[PDB]
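Peer 1: Dropping a structure here in structure tokens format, bear with me for questions.
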Amino acid sequence: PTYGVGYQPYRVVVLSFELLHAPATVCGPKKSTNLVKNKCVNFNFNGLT
Amino acid sequence: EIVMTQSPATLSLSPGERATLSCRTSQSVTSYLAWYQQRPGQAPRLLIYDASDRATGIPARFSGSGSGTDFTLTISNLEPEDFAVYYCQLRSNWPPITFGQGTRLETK
Amino acid sequence: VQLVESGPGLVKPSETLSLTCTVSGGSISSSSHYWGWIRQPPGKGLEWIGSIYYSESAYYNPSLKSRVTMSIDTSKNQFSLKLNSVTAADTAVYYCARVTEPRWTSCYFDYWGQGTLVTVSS
Amino acid sequence: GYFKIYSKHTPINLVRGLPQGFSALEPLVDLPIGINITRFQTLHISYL
């Protein structure tokens, strides 16, 4: 603990994204929004707009 | 084990000359070293750190040859009050903070 | 800065030797410095006993660790040393010093205390 | 590039021959393997 900031430990995590000519298996939460009924809304279910 | 060996046990020189104390570590790791001065009846005084850095208040005549396994403290111009016992100190992994056997500097 | 030692000057054999070092030139709660104890028998070399950090923990010698402990008190700005089962080989002068360990192996005692002589005899 | 497997499971009481009847094969899984296929072979279990 008695070191300078340059010598103190730092935990590093590197996120790399492997994008091949293969199906994506990781996607974003896609901004899960609440359901609204009995009101004219612009809906999108699983990409179906 | 990283064993510390200072040399010589006693050093006989007169004021005006230059003294060369040797502090060799075992055949082992290499990094920094500290040199301290201790006069009779006084607590040891820090002379040099990080294998050559004069402590706060050390005259320019003190220097350190901070190099591999072997280290060397050099006193350019021996003043009358520069004759005391000199200890070199390392900080290895195990044992931590090893001290040298000490070099006694006296007036020939 | 200055460090002053305090404690009984006599310890009977096979008993605990207690010492307390009080500093006043600075702060022990600083996160840049250790506070250590270094002893030397009369006419012998220096022997680092142990160094303590402000939080609680400390590290000691690989020979005296069984019968040694260190404590700290930021409120009183002082750190203490206990040496259990003191033999006749502990007859020595004990200094308390200020330690600076910046990189890995750089560990020097910046300012020493005058030290107190504890002679262990019956 | 999609290998689509449809499957259907039925209890057939006929002892021999391909049954006569209708049954729709639901999709089982689509795998975008994206490889070229020109032959295949079946694998059977061996009872020791």
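A note on labels: chains of the structure tokens are A, B, ... as shown, every chain counts residues from 1, and ligands are counted from 1 in their shown order.
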Could the residues of chain B within 10 Å of chain C, counting only C-alpha atoms, be given as a PyMOL selection string, please?

Peer 2: chain B and resi 30-36+40-51+55-56+85-102

Peer 1: Would you list the contacts of residue D:7 as number ranges by chain, taking every protein, DNA or RNA residue within 10 Å and counting only C-alpha atoms, but skipping same-chain residues closer than 3 positions in sequence?

Peer 2: D: 4, 24-29

Peer 1: Just to be explicit: take each residue in the selection above, keep N, CA and C atoms, and write the result as a PDB file, in the first residue's frame.

Peer 2:
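See out-v3.pdb below for the written result:
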ATOM      1  N   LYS D   4     -31.130 -27.408 -41.954  1.00  0.00           N
ATOM      2  CA  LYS D   4     -32.377 -27.434 -41.217  1.00  0.00           C
ATOM      3  C   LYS D   4     -32.772 -28.887 -41.019  1.00  0.00           C
ATOM      4  N   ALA D  24     -46.961 -34.435 -40.427  1.00  0.00           N
ATOM      5  CA  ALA D  24     -46.134 -33.267 -40.679  1.00  0.00           C
ATOM      6  C   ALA D  24     -44.902 -33.302 -39.787  1.00  0.00           C
ATOM      7  N   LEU D  25     -43.760 -32.942 -40.363  1.00  0.00           N
ATOM      8  CA  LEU D  25     -42.493 -32.939 -39.641  1.00  0.00           C
ATOM      9  C   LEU D  25     -42.206 -31.527 -39.154  1.00  0.00           C
ATOM     10  N   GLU D  26     -42.341 -31.314 -37.850  1.00  0.00           N
ATOM     11  CA  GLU D  26     -42.056 -30.012 -37.288  1.00  0.00           C
ATOM     12  C   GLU D  26     -40.560 -29.723 -37.385  1.00  0.00           C
ATOM     13  N   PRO D  27     -40.178 -28.452 -37.485  1.00  0.00           N
ATOM     14  CA  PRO D  27     -38.753 -28.121 -37.412  1.00  0.00           C
ATOM     15  C   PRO D  27     -38.171 -28.585 -36.089  1.00  0.00           C
ATOM     16  N   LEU D  28     -36.957 -29.120 -36.148  1.00  0.00           N
ATOM     17  CA  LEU D  28     -36.226 -29.486 -34.944  1.00  0.00           C
ATOM     18  C   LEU D  28     -35.124 -28.491 -34.626  1.00  0.00           C
ATOM     19  N   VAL D  29     -34.298 -28.140 -35.608  1.00  0.00           N
ATOM     20  CA  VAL D  29     -33.303 -27.095 -35.399  1.00  0.00           C
ATOM     21  C   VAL D  29     -32.699 -26.653 -36.721  1.00  0.00           C
TER      22      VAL D  29
END

Peer 1: Just how far from atom CA of residue B:23 is atom CA of residue C:38, in Å to one decimal?

Peer 2: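 Atom-to-atom, atom CA of residue C:38 to atom CA of residue B:23, that is 19.9 Å.
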
Peer 1: Compile the contact shell of residue B:64 as a ChimeraX atom specification: residues with an atom at most 6 Å away, counting only C-alpha atoms, same-chain residues fewer than 5 positions apart removed.

Peer 2: /B:52,72-73

Peer 1: Mind dumping the selected residues with C-alpha atoms as a short mmCIF file (atom, residue, chain, number, x, y, z; two decimals), in the first residue's frame?

Peer 2:
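That gives us again-v9.cif:
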data_model
loop_
_atom_site.label_atom_id
_atom_site.label_comp_id
_atom_site.auth_asym_id
_atom_site.auth_seq_id
_atom_site.Cartn_x
_atom_site.Cartn_y
_atom_site.Cartn_z
CA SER B 52 22.88 5.44 -5.33
CA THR B 72 30.18 -0.29 -3.50
CA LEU B 73 30.06 2.76 -1.24
#

Peer 1: Take atom CA of residue C:1 and atom CA of residue C:26 and report the distance between them in Å, one decimal.

Peer 2: 6.5 Å
